[PDB]
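Before any questions on binding or motion, here is one chain by itself as structure tokens, the form deposited in one PDB entry.
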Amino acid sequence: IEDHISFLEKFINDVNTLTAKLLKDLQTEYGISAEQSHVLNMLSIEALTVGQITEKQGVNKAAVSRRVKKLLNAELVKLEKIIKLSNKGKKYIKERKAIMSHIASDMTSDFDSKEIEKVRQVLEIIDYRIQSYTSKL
């Protein structure tokens, strides 16, 4: 009802808590911060400019800028103008997907591919609508 909204909130919070911990090392190894890690993953889908990363994130442009030219300085991200990723930035993503899919696999090894398929169809349809509403304001 609005039980689903609370569940989702709690589900997303839980996924972030797990992700943080599993990614603590890789991040330390890269000089990277959590939020920077995110930008690097947020940027895993499309090249973005500071404002877009700020809008799609809620935080004050100031903070988003500090962590953005730290990634350029680290050659983890790059200009063109927009912001794409660099090999060291990619290698990070690979190492990230790897830690993620190894545990994701675990807790889902006894799942039924068909049931998961339909579930996703629904989520993809809600994702589509979420993005759509987000375009206006």
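For the two forms, the rigid core is made up of the largest set of C-alpha atoms that agree within 1.5 Å on superposition. Numbering starts at 1 and runs along the sequence shown.
Unshown form deposited in another entry; subsequent notes refer to it.
A movement of the C-alpha atom of residue 91 falling short of 2 angstroms is seen between the shown form and the other one when the two forms are aligned on their rigid core. For residue 52, the Cα coordinates differ by 2 angstroms or more between the shown form and the other one after the core has been superposed. The pair residue 51 and residue 13 is looser in the other form: their Cα-Cα distance rises by no less than 3 Å compared with this form.
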